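A.B. asks: Would you mind keeping the following structure in view while I ask a few things?
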Amino acid sequence: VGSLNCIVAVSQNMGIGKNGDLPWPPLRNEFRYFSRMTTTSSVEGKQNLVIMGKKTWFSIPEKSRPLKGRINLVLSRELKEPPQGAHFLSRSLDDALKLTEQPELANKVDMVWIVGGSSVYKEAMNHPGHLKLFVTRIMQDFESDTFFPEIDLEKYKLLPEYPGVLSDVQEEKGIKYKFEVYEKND
Ligand SMILES: NC(=O)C1=CN([C@@H]2O[C@H](COP(=O)(O)OP(=O)(O)OC[C@H]3O[C@@H](n4cnc5c(N)ncnc54)[C@H](OP(=O)(O)O)[C@@H]3O)[C@@H](O)[C@H]2O)C=CC1
Ligand SMILES: CCc1sc2nc(N)[nH]c(=O)c2c1Sc1ccc(C(=O)N[C@@H](CCC(=O)O)C(=O)O)cc1
């Protein structure tokens, strides 16, 4: 299995969600960024795996689930089987990551992308080892009821360039945003 990664879009006040959806109106090219990053795999005959909590799964429009071209894993201790349209179910982050090492997945999975929500981001960001964060900074405050955990910049370096990630200010629907990639190894 390849690299471990988180991807998120976050407002200035650290918001990632409100009432089961995003705090901001749809940013179509920001969504396309999410799909390009999470779907694109450099390794032949492999796909990337997405790991998400149960509320994040149900926050994706049903017409867009499962996230196409990716293996979709949902984290839940209450569910007894994957949701309709999902591929796998795990009861912990450690279990999910171990699953990628099993024979059914060992030679199929390239990158792993954690796509939230707040509890899984926090646990992933604090788990020793090599991890990158692909963070979209939405440069406004938005009322939110779900927040991104603290990024400890003593361990996560903001990278000064990354191939394929635009460096300049983007804007859609009157909302400016910019892309960032962080990396730790501990
Ligand atoms: N802006 C962005 O980039 C993103 C925004 N969002 C937004 O955030 C909201 C959803 O996030 P959030 O509310 O944090 O919810 P989550 O997606 O984290 O879902 C929480 C549920 O997932 C299960 N769960 C979470 N972590 C684990 C774990 N490690 N092991 C086992 N089960 C786990 C639980 O289910 P159970 O009780 O069944 O055990 C828990 O009740 C929505 O508003 C969504 O739109 C989400 C992702 C990214
Ligand atoms: C899955 C939870 C996350 S992580 C994330 N990271 C960044 N940068 N931006 C976001 O908005 C999200 C979200 S919320 C989200 C993301 C994608 C989608 C979605 O429908 N994606 C489809 C459609 C993409 C498209 O509209 O281009 C896909 O990836 O195939 C829905 C909710």
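A.B. asks: Quick one: which of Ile175, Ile114 is within 15 Å of ligand 1 (Cβ to nearest atom) and within 21 Å of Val74 (Cβ to Cβ)?
C.D. replies: From the options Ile175, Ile114, the qualifying one is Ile114.
A.B. asks: I'd like the full set of residues that are of a type in the set (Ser, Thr, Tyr) and farther than 17 Å from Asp21 by Cα, limited to the range 122-163.
C.D. replies: Passing the criteria: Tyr156, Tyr162.
A.B. asks: What's the number of the condition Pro160 fails, among (1) surrounded by 15 or more Cβ atoms within 10 Å (Cβ to Cβ); (2) away from ligand 2 (no atom under 15 Å from the Cβ); (3) more than 13 Å from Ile7 (Cα to Cα); (4) of a type outside the set (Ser, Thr, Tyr)?
C.D. replies: (1)
A.B. asks: Find the strands (runs of 3 or more DSSP E) located wholly in the range 76-178 whose residues include 1 or more that are under 20 Å from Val43 (Cβ atoms) and not small (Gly, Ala, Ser), and list them.
C.D. replies: In the range 76-178, 88-90, 109-114, 130-138 are the strands (runs of 3 or more DSSP E) which contain 1 or more residues that are under 20 Å from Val43 (Cβ atoms) and not small (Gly, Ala, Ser).
A.B. asks: Something else now. Taking the stated definitions as given, is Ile60 free of Cβ contacts under 8 Å to residues at least 24 places away in the same chain and of a type in the set (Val, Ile, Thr)?
C.D. replies: Yes.
A.B. asks: Within the bounds of the range 20-34, is there any residue that is more than 20 Å from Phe179 (Cβ to Cβ) and within 15 Å of ligand 1 (Cβ to nearest atom)?
C.D. replies: yes
A.B. asks: Go through (1) under 12 Å from the mean Cα position of the chain (by Cα); (2) within 12 Å of ligand 1 (Cβ to nearest atom); (3) surrounded by fewer than 20 Cβ atoms within 10 Å (Cβ to Cβ) for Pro61 and report which single condition fails.
C.D. replies: (1)
A.B. asks: What number goes with the only condition from (1) within 9 Å of ligand 2 (Cβ to nearest atom); (2) assigned to a strand (DSSP E or B) that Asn5 does not pass?
C.D. replies: (1)
Conditions tested, residue by residue: (1) aliphatic (A, V, I, L, M); (2) within 15 Å of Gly116 (Cβ to Cβ); (3) within 12 Å of ligand 2 (Cβ to nearest atom); (4) without any contact (Cβ under 8 Å) to a residue 24 or more places away in the chain.
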{"site": "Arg65", "(1), (2), (3), (4)": "no, yes, yes, yes"}
{"site": "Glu81", "(1), (2), (3), (4)": "no, no, no, yes"}
{"site": "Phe88", "(1), (2), (3), (4)": "no, no, no, yes"}
{"site": "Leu99", "(1), (2), (3), (4)": "yes, no, no, no"}
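A.B. asks: Additional query: Of all residues in the range 31-52, how many are exposed (fewer than 14 other Cβ atoms within 10 Å of the Cβ) and more than 8 Å from ligand 2 (Cβ to nearest atom)?
C.D. replies: Final tally of qualifying residues: 6.
Bear in mind that the values in this text are calculations on the coordinates, not laboratory data. Ideal geometry is used to build each Cβ from the backbone, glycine not excepted, and the neighbour counts take in all protein chains shown.
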